[PDB]
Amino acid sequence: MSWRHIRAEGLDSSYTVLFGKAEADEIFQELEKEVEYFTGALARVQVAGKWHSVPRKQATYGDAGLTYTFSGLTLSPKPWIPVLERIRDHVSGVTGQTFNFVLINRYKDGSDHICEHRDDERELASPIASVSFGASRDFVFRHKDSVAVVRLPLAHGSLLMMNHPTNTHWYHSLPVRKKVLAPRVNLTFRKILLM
């Protein structure tokens, strides 16, 4: 495939268009039809005097028997459904990697956003693979000591690999974009350690 390499001090990501327009549209429609997001009616849960939040407005799928941590709670993801395995397999076919877990987030319009953050490394092996469908949304990298800014529209059917050491030295965000009126779905594939 044709890769754009995103290079800077401590930043190594790469970007390509994984699915052409027609196939991206079909997968997008199937994602909207099939993915089941936690609603967040239930907001938190307490054990031994400590509250723990519960994931809202996202969906997790992964291999049978796998568990992952979220705010101190160990959870099991939903078993793979066919469209996710399809996407997972295209990502693998184009990188030589395997993934056992995916986090799906939905951004209904430009006002849904994500504030500057670094992914939890505690449970990861590995490159993080992020696949987008729907409206194009700007994704931005900033350095944890600032140093330059890198901005990338994540287009319909694209794959962004965040390779080591991107996630240690740079924080990422998906900022508000008022003029975007249409939804975006993002899939973040990982390999969860069995250790």
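Numbering starts at 1 and follows the sequence shown.
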Deposited residues missing from the model between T168 and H169 number none
Deposited residues omitted from coordinates between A125 and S126, as a class: 1 to 3
Of 52 to 60 and 131 to 139, which one has the bigger average CA B-factor? 52 to 60
In the PDB record, does 12 to 20 or 175 to 183 carry the higher mean Cα temperature factor? 175 to 183
Out of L160, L31, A41, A155, whose C-alpha atom has the biggest B factor in the entry? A41
Residue with highest C-alpha B-factor in the PDB entry, from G72, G110, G93, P82: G72
C-alpha B factor of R106, ranked within the chain: lowest, middle or highest third? lowest
By the recorded C-alpha temperature factor, relative to the other modelled residues in its chain, which third is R190 in? lowest
Based on the deposited C-alpha B factors for this chain, I'd like to know if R86 is in the lowest, middle or highest third. lowest
